[PDB]
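Here's the structure we're looking at; comments come further down.
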Amino acid sequence: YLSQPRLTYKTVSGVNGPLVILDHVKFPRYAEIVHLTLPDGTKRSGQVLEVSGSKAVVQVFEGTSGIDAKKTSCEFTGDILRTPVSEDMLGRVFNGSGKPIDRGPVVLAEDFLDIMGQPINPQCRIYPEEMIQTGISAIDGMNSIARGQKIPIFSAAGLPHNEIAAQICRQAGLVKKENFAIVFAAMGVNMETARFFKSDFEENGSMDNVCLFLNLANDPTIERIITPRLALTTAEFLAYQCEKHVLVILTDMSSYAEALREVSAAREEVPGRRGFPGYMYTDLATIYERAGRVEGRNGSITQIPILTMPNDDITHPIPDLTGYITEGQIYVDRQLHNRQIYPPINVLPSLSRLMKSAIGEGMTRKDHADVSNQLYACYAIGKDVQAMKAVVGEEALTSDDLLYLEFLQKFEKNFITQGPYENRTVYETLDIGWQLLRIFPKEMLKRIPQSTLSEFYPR
Amino acid sequence: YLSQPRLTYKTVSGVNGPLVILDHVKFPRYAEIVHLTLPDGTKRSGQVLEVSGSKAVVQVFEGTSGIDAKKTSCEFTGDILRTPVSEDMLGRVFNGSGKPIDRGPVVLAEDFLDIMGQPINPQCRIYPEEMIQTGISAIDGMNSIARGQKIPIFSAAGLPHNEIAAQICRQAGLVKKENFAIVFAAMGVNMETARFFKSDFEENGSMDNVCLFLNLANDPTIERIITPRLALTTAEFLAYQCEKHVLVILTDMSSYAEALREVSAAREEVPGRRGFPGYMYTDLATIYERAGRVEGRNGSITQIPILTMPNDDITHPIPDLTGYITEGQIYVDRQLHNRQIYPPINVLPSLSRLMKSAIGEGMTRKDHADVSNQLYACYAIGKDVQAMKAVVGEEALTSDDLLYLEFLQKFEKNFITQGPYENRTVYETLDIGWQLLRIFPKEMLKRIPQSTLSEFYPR
Amino acid sequence: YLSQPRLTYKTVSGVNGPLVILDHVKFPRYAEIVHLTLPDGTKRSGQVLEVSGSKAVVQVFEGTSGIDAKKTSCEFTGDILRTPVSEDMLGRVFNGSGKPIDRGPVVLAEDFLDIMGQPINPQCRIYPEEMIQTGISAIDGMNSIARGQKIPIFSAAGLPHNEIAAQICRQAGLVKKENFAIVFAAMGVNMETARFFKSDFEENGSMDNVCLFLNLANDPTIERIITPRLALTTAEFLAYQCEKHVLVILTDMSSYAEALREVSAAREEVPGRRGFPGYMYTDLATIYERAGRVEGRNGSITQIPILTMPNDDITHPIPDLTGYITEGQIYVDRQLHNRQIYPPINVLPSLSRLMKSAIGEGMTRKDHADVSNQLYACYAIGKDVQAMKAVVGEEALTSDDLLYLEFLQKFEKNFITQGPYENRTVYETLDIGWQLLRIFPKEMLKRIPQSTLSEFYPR
Amino acid sequence: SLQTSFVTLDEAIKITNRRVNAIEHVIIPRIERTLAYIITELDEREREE
Amino acid sequence: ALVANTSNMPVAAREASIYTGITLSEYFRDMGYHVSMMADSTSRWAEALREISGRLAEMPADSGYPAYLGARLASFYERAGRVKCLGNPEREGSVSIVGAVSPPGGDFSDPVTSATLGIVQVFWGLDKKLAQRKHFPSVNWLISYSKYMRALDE
């Protein structure tokens, strides 16, 4: 606590777009939170971005319209933005500023954390082990998410990245061969989609384990920047202090990146590559890397950042800088979507670098690794045979080629195509895999050891 | 009547490129005019670009060479450059600032008009309809021009855009079932071109209705910023007060745009694409839109501006911003010119927005709209076939592709190719159109209704 | 001389990157040298690149790390970097700052020359008309070297351009059927490269005629843009005051360009291409043009500014601007090196701008020019034939094409391939030329007149 | 028929392989050089801004 | 007569050299002679303008060049031409200008080549790939043009 009376200033040097420049401010802090009172009694929030002597420069969260240089007062809190956190806030819905928008009370805090936090000391970081099943076969039997990795979903604009994200929140959980929570943050979301998330989470009973942050497209752009920090700040409290596993989903990081560029312009910084700040790399790492396991504690944080690829070009700095510091990718395609496949996830370009540790005896099932590798080869071959068929015709194909075409057609129809309300656990996903693999005789399943085939292949 | 003596200053602050900065000026008026007397007696003029306190920045039209910072006398007119205009300006040649170059007297001020332009109330603007029969099949057939339209000719350096513009001027007229006055603004035009147009107007006996404004390539580059405003100001007097129909030709908006760039850079303004002022769009809109008809008048202004495209592209800011303002273009290409095709006009990237309404029963021919669309599609396809042939060879095309290739070759030879001293009517142009369309069997002419085909196709 | 005591300042205004800004300086001189001592006794030097009033901007060669603001002591020498030069610098090894590093004494000057030098009066410059016999057929035949000519080797990282330069140093003579003083500027190179040349010069028994200037990869980057001037300044003393024929070799000029680019960025100068200063050409000319013979004096300077081409990009500003200044290039590539061909010299993209005058009757043999031109035609065509045959196959070729493949194959292994110690005469090179030309019938040797074929071809 | 089938096949293979070789040795290299050229020029425009 | 302002001479002098040369050309033009001057660079002059503009801290335009680059080239080339001379003796003269340009990399896209092509009426484009084959003069003959064909047909 400070127990120091706050100072309120009526001295304003000028106002320039989103910024208000104050004067005669006593020992101002950088990143200090202040509150403005306009002549009409309207209150606004803001944050100090520059303090050059007594000339404090504050960015106003809301619009600066209506602010004068004679009557507007600025109340200083004497501190920076610290988020009230508790276990009870799980099951609540908040806006970007951390305020409730679910008609519930303000959070009754157990502590206050600096939302910027600190990096996790690498000496106490534990390599990812067990798996967190998502319920979506395309990313459980092919590229599973290890309990501690960070694997993004890259999508083009217009693809159902928000519907999949909502499905993961409803279905995700532990393998279960009470301590699992999901923190969901949507940045720059439009009103129709924001309603979708809120209503879909409430109706299906999942809300008890979801902490939802909604930053709407028409909300202040600076609030969009702290939104993912508040989500992770909660995740760190829940995960590391309350000994539980937290799945954090950061939706539309591309909208975050645009908000970050806006803040950079407010500081009159010269834009870097493709208009983005030269520090975009470390800023994404600052958010992304606040995850993983820690020594001596049973909690964990995983992340599934979701990013829209501008112009569907994976080379763009946003997916490029993200992927360069994440472990593999899910990758949602367009061809599968136009073919009316849901989920439209393309297994050939996807990768989960930690899958080798996520799956196996004692974590999922003995045959997990073998089924995945054989299915991947079979799908890749089926696509190759399909390309051949288009040139040589059906009569030019042999029996083995026909089996690969049968697999290809049934793989997409049975294994990848799921529906938004069918929850397929890791064991059902593997059983579906075997149903497709039993299309082939044993001798064609070259990537599955004979011991595995004898145990699982028949029946 | 402003019967108030003028102030003359020697309080020159400094001179920087085309800009002269004055201080200690009493109540500076924005966009005022200053007459500069150099120490050697040379008189020059300039226009105020900005004022602040007792300082003003003056844009010197004739150039700043020879100006000192001690003796140069600066006379402030007290008003905005309102230019003398007269109905008898036709049959005269003026320089880029509106002064006689033809050994005639200074134009007698029948009245004065503010060259900045007086915005016309869109409610009283009359939609253009009547088609101008230019004689050029590439225009009269496909991209027809209505009287009051705004259709610039894009070209790159070295192409015969001066010949096309000259041909339109002497062949201009209406589709019949009496003529135009010419206001010709030369901006950065070399002497060889200047005499080309001047001689063509004289040889055809047009000078009785031509007013030239010549700012040549060897003349001052700041002066040409007003030159186009002086030309249109006269056009507006003649068209809207003297009930004349005026065709306005602007020889190059690119040398104009460069003149704006020189000034914009001189005052250290924040540029946009390729170094041009962020307000280029407005500076062009205020010139291009001085066209069309108004309620209560019988005259009109039709604009056909010319723009040289740097690097042969059409994404350069100059043609890019023009395309957003004007109602289509002609776009003179280079691939047609290299093949000795004249006029070398490429019909695919060129459109005329008013074409859909200035043609059809009651204006040209019932089938005009149908013939245009079918010919356009046929040409576009022929080019795609040519693009394939270049890769697969002439031996890898089907019968239909050959029909489009035959169309493509005959289309450019018989339809587009014309010659500079032959005019064809809209009805003759369509008859040629039909000769090209009759290359195809009726079943392939999918953009012409069956009723139209049965009336004309078998003829 | 300068008899007045020099002043010492403790008036450093501030430090910004590599530039130390002093105030309160008495009558600052542009391009004067300042010596500065750091609080710990370290001595460093720099040059005034800007003066304004009482302020001066000093660029420090060693660097600005550790430069203080209160205790830094600077003194102004009162002149430009004039350096001591003497004849007995041959056989000495210096660093990039002009100091000895061979444990010998400092230079006992015969005079002091301005490192910036002076341009040679073009009226007294005498056109080169003597040939140097390099012993390399790839050069002596098709791209002859004149005495006083500027010929860099365009190379790429990993190619043996250091071996070629070393070879040239030993077996470079005259075709008048001679001991060159070599000045070797080793800048931006590792120890092993500098030791390679130093050892080779001793192995050749010529070290008493070699002056070395070393500036290694671990040396300051600002000294790397005076080292060439130090080498050339010494060369000018030897060539134009002591009438000694000097060969000046500058190691990877790209380290010069990179050192210059760093300075350009530090001073915020106008970029041209790839971030290099818009004046890069002028700066390179200052270095390169210190070459050639002068009428009335028996000395000469020949340059070989070898440079590494970044990413083998022949259009990179470094080889591009050099190509515009020097009399052509030798140019090696990876296509020859990857086949164990030495020297890996590719004649096609190479040229010697003085060859037309250094060969022929009275110089070498009268058929020299004719043999070279036809070999260029045959070599280029053989490359064109491979470009075709790679797609169409050997069966698509006729006897007219196979001859060029036979020529190309025999040309590369007989004419270009030699070995590090194969020293051929110019006459032997031409005889080899004919042996390859005799692959074709007389009618196909279309670059050679019958007045030459009838004499030489039959043999 | 064997021999005649072999006939229509030797020409078909040479014609198909020639087209494949051109794509690989002529058309794509040219597209890659164009793309790399564009990428470089775009960064040059970014720098002057 | 010839003017030397070599690459390793003061860069500012490159502007004076270009104008000095053409001024001399006009002098002889006025005397009834046909003058055919040639400046073997152009790009080096525009380069001087860029270097000075930089030192001046002026706002650059396309690729670092001054916004007024086109203004300088236009007024330079327009001093060429066949003229009737001033003076009672009724002389006839001309100045031709054959100016080289040095585009970096051979890419005909720089502000100097682009602006020049909008000014000059004859385009003698050279192809580096022809020079490599010693096909001299290395004229492209596909991109070159001359707008005086019709003038000389008579």
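Numbering starts fresh at 1 for the residues of each chain in the structure tokens, the chains themselves are lettered A, B, ... in the order given, and ligands are numbered from 1 as they appear.
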Run DSSP on the backbone of this structure and report the residues of range 7-147 of chain E it assigns to helix (DSSP H, G or I), as a PyMOL selection string. chain E and resi 13-30+43-55+62-64+69-77+104-106+111-117+128-132
Env of residue 86 in chain E: 12 Å cut, atoms = only C-alpha atoms, seq-sep filter 2 positions within chain, self excluded. Answer as a list in words. residues 26, 27, 29, 30, 31, 32, 83, 84, 88, 89, 90, 91, 92 and 93 of chain E
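You can rank D:45, D:10, D:3, D:30 by their closest distance to chain C using only C-alpha atoms, and at the top of that list sits D:45.
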Report as a VMD selection string: the residues of range 173-388 of chain A with a DSSP assignment of strand (DSSP E or B), based on the backbone of this structure. chain A and resid 173 to 174 180 to 189 210 to 216 245 to 251 292 to 294 300 to 303 306 to 309 329 332 345 351
Those selected residues, please, written with N, CA and C atoms and delivered as a short mmCIF file (atom, residue, chain, number, x, y, z; two decimals), in the first residue's frame.
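File part_6.cif, as written:
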data_model
loop_
_atom_site.label_atom_id
_atom_site.label_comp_id
_atom_site.auth_asym_id
_atom_site.auth_seq_id
_atom_site.Cartn_x
_atom_site.Cartn_y
_atom_site.Cartn_z
N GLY A 173 -9.45 -30.31 -22.63
CA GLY A 173 -9.27 -30.77 -21.27
C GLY A 173 -8.14 -31.77 -21.20
N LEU A 174 -8.00 -32.36 -20.02
CA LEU A 174 -6.93 -33.33 -19.80
C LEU A 174 -7.36 -34.70 -20.30
N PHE A 180 -8.03 -27.87 -14.40
CA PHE A 180 -7.80 -27.34 -15.73
C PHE A 180 -8.67 -26.12 -15.95
N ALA A 181 -8.05 -25.06 -16.47
CA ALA A 181 -8.77 -23.83 -16.74
C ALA A 181 -8.31 -23.28 -18.08
N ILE A 182 -9.18 -22.50 -18.70
CA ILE A 182 -8.89 -21.88 -19.99
C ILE A 182 -9.04 -20.38 -19.81
N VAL A 183 -8.07 -19.64 -20.32
CA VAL A 183 -8.14 -18.18 -20.34
C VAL A 183 -8.16 -17.77 -21.80
N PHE A 184 -9.23 -17.08 -22.19
CA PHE A 184 -9.48 -16.79 -23.62
C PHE A 184 -9.49 -15.27 -23.78
N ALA A 185 -8.66 -14.76 -24.69
CA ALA A 185 -8.62 -13.30 -24.89
C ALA A 185 -8.85 -13.03 -26.38
N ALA A 186 -9.87 -12.24 -26.71
CA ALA A 186 -10.10 -11.89 -28.12
C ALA A 186 -9.74 -10.42 -28.31
N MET A 187 -8.79 -10.14 -29.21
CA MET A 187 -8.38 -8.74 -29.47
C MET A 187 -8.99 -8.28 -30.80
N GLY A 188 -9.59 -7.10 -30.81
CA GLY A 188 -10.15 -6.45 -31.99
C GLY A 188 -11.35 -7.16 -32.56
N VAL A 189 -12.12 -7.84 -31.73
CA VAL A 189 -13.24 -8.64 -32.20
C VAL A 189 -14.44 -7.74 -32.43
N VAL A 210 -13.66 -21.10 -17.74
CA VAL A 210 -13.15 -20.17 -18.73
C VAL A 210 -13.12 -18.78 -18.12
N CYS A 211 -12.01 -18.08 -18.34
CA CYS A 211 -11.91 -16.66 -18.02
C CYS A 211 -11.83 -15.93 -19.36
N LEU A 212 -12.86 -15.14 -19.65
CA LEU A 212 -13.00 -14.57 -20.99
C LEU A 212 -12.75 -13.08 -20.98
N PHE A 213 -11.86 -12.63 -21.85
CA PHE A 213 -11.57 -11.22 -22.05
C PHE A 213 -11.98 -10.85 -23.46
N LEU A 214 -12.84 -9.84 -23.59
CA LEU A 214 -13.29 -9.38 -24.89
C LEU A 214 -12.84 -7.94 -25.09
N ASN A 215 -12.00 -7.73 -26.10
CA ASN A 215 -11.61 -6.40 -26.55
C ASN A 215 -12.20 -6.19 -27.93
N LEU A 216 -13.19 -5.31 -28.03
CA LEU A 216 -13.97 -5.18 -29.25
C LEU A 216 -13.25 -4.28 -30.25
N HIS A 245 -3.48 -26.39 -14.38
CA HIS A 245 -3.04 -26.24 -15.76
C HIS A 245 -3.99 -25.30 -16.51
N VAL A 246 -3.41 -24.29 -17.15
CA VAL A 246 -4.15 -23.22 -17.80
C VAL A 246 -3.86 -23.28 -19.29
N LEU A 247 -4.92 -23.30 -20.10
CA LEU A 247 -4.77 -23.16 -21.55
C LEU A 247 -5.14 -21.72 -21.90
N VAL A 248 -4.20 -21.02 -22.52
CA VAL A 248 -4.42 -19.63 -22.90
C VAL A 248 -4.53 -19.54 -24.41
N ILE A 249 -5.66 -18.99 -24.87
CA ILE A 249 -5.89 -18.84 -26.33
C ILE A 249 -5.92 -17.34 -26.66
N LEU A 250 -4.97 -16.87 -27.47
CA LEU A 250 -4.91 -15.43 -27.80
C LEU A 250 -5.43 -15.26 -29.23
N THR A 251 -6.65 -14.75 -29.40
CA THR A 251 -7.29 -14.79 -30.74
C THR A 251 -7.07 -13.48 -31.48
N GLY A 292 4.69 -22.36 -20.20
CA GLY A 292 5.54 -23.52 -19.97
C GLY A 292 5.48 -24.05 -18.55
N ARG A 293 6.25 -25.10 -18.27
CA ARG A 293 6.26 -25.66 -16.94
C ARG A 293 7.43 -25.10 -16.13
N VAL A 294 7.28 -25.14 -14.81
CA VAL A 294 8.29 -24.62 -13.89
C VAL A 294 8.63 -25.70 -12.88
N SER A 300 0.88 -25.47 -15.13
CA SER A 300 1.52 -25.28 -16.43
C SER A 300 0.69 -24.25 -17.20
N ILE A 301 1.32 -23.59 -18.17
CA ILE A 301 0.59 -22.75 -19.11
C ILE A 301 0.96 -23.18 -20.53
N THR A 302 -0.05 -23.38 -21.36
CA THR A 302 0.14 -23.56 -22.79
C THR A 302 -0.48 -22.38 -23.52
N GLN A 303 -0.11 -22.19 -24.78
CA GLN A 303 -0.68 -21.12 -25.58
C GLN A 303 -1.05 -21.64 -26.95
N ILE A 306 -3.72 -17.33 -32.18
CA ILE A 306 -4.42 -17.54 -33.48
C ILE A 306 -4.19 -16.30 -34.34
N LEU A 307 -3.67 -16.48 -35.56
CA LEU A 307 -3.22 -15.31 -36.35
C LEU A 307 -3.80 -15.36 -37.76
N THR A 308 -4.37 -14.24 -38.21
CA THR A 308 -4.81 -14.07 -39.59
C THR A 308 -3.63 -13.62 -40.44
N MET A 309 -3.40 -14.34 -41.53
CA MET A 309 -2.28 -14.06 -42.41
C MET A 309 -2.69 -13.00 -43.42
N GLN A 329 3.16 -25.41 -35.98
CA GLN A 329 1.97 -24.62 -36.40
C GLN A 329 0.81 -25.56 -36.71
N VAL A 332 -4.67 -23.40 -40.74
CA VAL A 332 -6.04 -23.69 -41.27
C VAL A 332 -6.03 -23.31 -42.76
N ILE A 345 -8.59 -28.05 -41.48
CA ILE A 345 -7.16 -28.00 -41.06
C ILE A 345 -6.37 -28.93 -41.98
N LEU A 351 2.65 -28.89 -38.09
CA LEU A 351 3.76 -29.57 -37.37
C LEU A 351 3.61 -29.29 -35.88
#
Contact residues around residue 347 in chain B with only C-alpha atoms at 10 Å, ignoring same-chain residues under 4 positions, as a PyMOL selection string: chain B and resi 138-139+142-143+329-333+351+375-376+379-380+416
Limited to N, CA, C and O atoms, could you put the picked residues into a file as a PDB file, in the first residue's frame?
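After the write, part-v8.pdb holds the following:
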ATOM      1  N   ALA B 138     -11.339   2.887 -81.563  1.00  0.00           N
ATOM      2  CA  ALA B 138     -11.077   2.456 -80.200  1.00  0.00           C
ATOM      3  C   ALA B 138     -11.880   3.240 -79.178  1.00  0.00           C
ATOM      4  O   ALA B 138     -12.091   2.748 -78.069  1.00  0.00           O
ATOM      5  N   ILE B 139     -12.324   4.443 -79.527  1.00  0.00           N
ATOM      6  CA  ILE B 139     -13.087   5.300 -78.625  1.00  0.00           C
ATOM      7  C   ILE B 139     -14.571   5.265 -78.965  1.00  0.00           C
ATOM      8  O   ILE B 139     -15.403   4.946 -78.115  1.00  0.00           O
ATOM      9  N   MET B 142     -15.904   1.132 -78.483  1.00  0.00           N
ATOM     10  CA  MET B 142     -15.924   0.662 -77.107  1.00  0.00           C
ATOM     11  C   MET B 142     -16.023   1.799 -76.099  1.00  0.00           C
ATOM     12  O   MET B 142     -17.096   2.016 -75.530  1.00  0.00           O
ATOM     13  N   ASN B 143     -14.946   2.528 -75.852  1.00  0.00           N
ATOM     14  CA  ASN B 143     -14.913   3.496 -74.759  1.00  0.00           C
ATOM     15  C   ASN B 143     -15.343   4.875 -75.252  1.00  0.00           C
ATOM     16  O   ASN B 143     -14.539   5.793 -75.380  1.00  0.00           O
ATOM     17  N   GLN B 329     -10.336   6.155 -68.860  1.00  0.00           N
ATOM     18  CA  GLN B 329      -9.124   6.573 -69.543  1.00  0.00           C
ATOM     19  C   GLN B 329      -9.088   5.968 -70.945  1.00  0.00           C
ATOM     20  O   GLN B 329      -9.962   5.191 -71.334  1.00  0.00           O
ATOM     21  N   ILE B 330      -8.076   6.333 -71.731  1.00  0.00           N
ATOM     22  CA  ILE B 330      -7.821   5.680 -73.008  1.00  0.00           C
ATOM     23  C   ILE B 330      -6.684   4.677 -72.850  1.00  0.00           C
ATOM     24  O   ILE B 330      -6.769   3.544 -73.333  1.00  0.00           O
ATOM     25  N   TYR B 331      -5.632   5.072 -72.138  1.00  0.00           N
ATOM     26  CA  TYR B 331      -4.442   4.249 -71.943  1.00  0.00           C
ATOM     27  C   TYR B 331      -3.820   3.840 -73.280  1.00  0.00           C
ATOM     28  O   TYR B 331      -4.213   2.861 -73.912  1.00  0.00           O
ATOM     29  N   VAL B 332      -2.855   4.643 -73.715  1.00  0.00           N
ATOM     30  CA  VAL B 332      -2.107   4.308 -74.919  1.00  0.00           C
ATOM     31  C   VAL B 332      -0.961   3.399 -74.503  1.00  0.00           C
ATOM     32  O   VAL B 332      -0.179   3.734 -73.606  1.00  0.00           O
ATOM     33  N   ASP B 333      -0.854   2.242 -75.144  1.00  0.00           N
ATOM     34  CA  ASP B 333       0.106   1.232 -74.730  1.00  0.00           C
ATOM     35  C   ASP B 333       1.376   1.330 -75.567  1.00  0.00           C
ATOM     36  O   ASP B 333       1.496   2.155 -76.474  1.00  0.00           O
ATOM     37  N   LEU B 351     -11.410   2.094 -69.686  1.00  0.00           N
ATOM     38  CA  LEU B 351     -12.862   2.105 -69.612  1.00  0.00           C
ATOM     39  C   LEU B 351     -13.367   3.534 -69.732  1.00  0.00           C
ATOM     40  O   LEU B 351     -12.620   4.500 -69.557  1.00  0.00           O
ATOM     41  N   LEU B 375     -17.046  -7.649 -78.185  1.00  0.00           N
ATOM     42  CA  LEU B 375     -15.725  -7.412 -78.750  1.00  0.00           C
ATOM     43  C   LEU B 375     -14.682  -7.364 -77.649  1.00  0.00           C
ATOM     44  O   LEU B 375     -13.608  -7.970 -77.767  1.00  0.00           O
ATOM     45  N   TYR B 376     -15.020  -6.710 -76.533  1.00  0.00           N
ATOM     46  CA  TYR B 376     -14.098  -6.604 -75.412  1.00  0.00           C
ATOM     47  C   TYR B 376     -13.743  -7.983 -74.884  1.00  0.00           C
ATOM     48  O   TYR B 376     -12.564  -8.324 -74.746  1.00  0.00           O
ATOM     49  N   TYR B 379     -11.525  -9.908 -77.284  1.00  0.00           N
ATOM     50  CA  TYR B 379     -10.145  -9.449 -77.237  1.00  0.00           C
ATOM     51  C   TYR B 379      -9.450  -9.962 -75.988  1.00  0.00           C
ATOM     52  O   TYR B 379      -8.333 -10.487 -76.057  1.00  0.00           O
ATOM     53  N   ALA B 380     -10.122  -9.859 -74.839  1.00  0.00           N
ATOM     54  CA  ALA B 380      -9.513 -10.298 -73.591  1.00  0.00           C
ATOM     55  C   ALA B 380      -9.158 -11.771 -73.669  1.00  0.00           C
ATOM     56  O   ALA B 380      -8.057 -12.179 -73.278  1.00  0.00           O
ATOM     57  N   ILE B 416      -8.778  -1.619 -84.664  1.00  0.00           N
ATOM     58  CA  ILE B 416      -8.030  -0.607 -83.926  1.00  0.00           C
ATOM     59  C   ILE B 416      -7.211   0.258 -84.877  1.00  0.00           C
ATOM     60  O   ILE B 416      -7.245   1.491 -84.796  1.00  0.00           O
TER      61      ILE B 416
END
Kindly provide, as a list in words, the residues of chain A having any atom no farther than 12 Å from an atom of chain D, counting only C-alpha atoms. residues 270, 271, 272, 273, 274, 275, 276 and 315 of chain A
One decimal, Å: what's the distance from CA of residue 46 in chain B over to CA of residue 284 in chain B, could you say? 20.6 Å
Just need the residues of chain B within 9 Å of chain E, counting only C-alpha atoms, so spit them out as a ChimeraX atom specification. /B:156-158,188,190-191,217-221,255,258-259,261-269,271,274-276,308,310-311,338
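For the atom pair formed by CA of residue 93 in chain B and CA of residue 243 in chain B, the distance is 21.6 Å, given to one decimal.
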Out of A:124, A:51, A:15, A:33, which residue has the shortest atom-to-atom distance to residue 70 in chain A when counting only C-alpha atoms? A:15
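CA of residue 163 in chain A lies 28.2 Å from CA of residue 378 in chain A.
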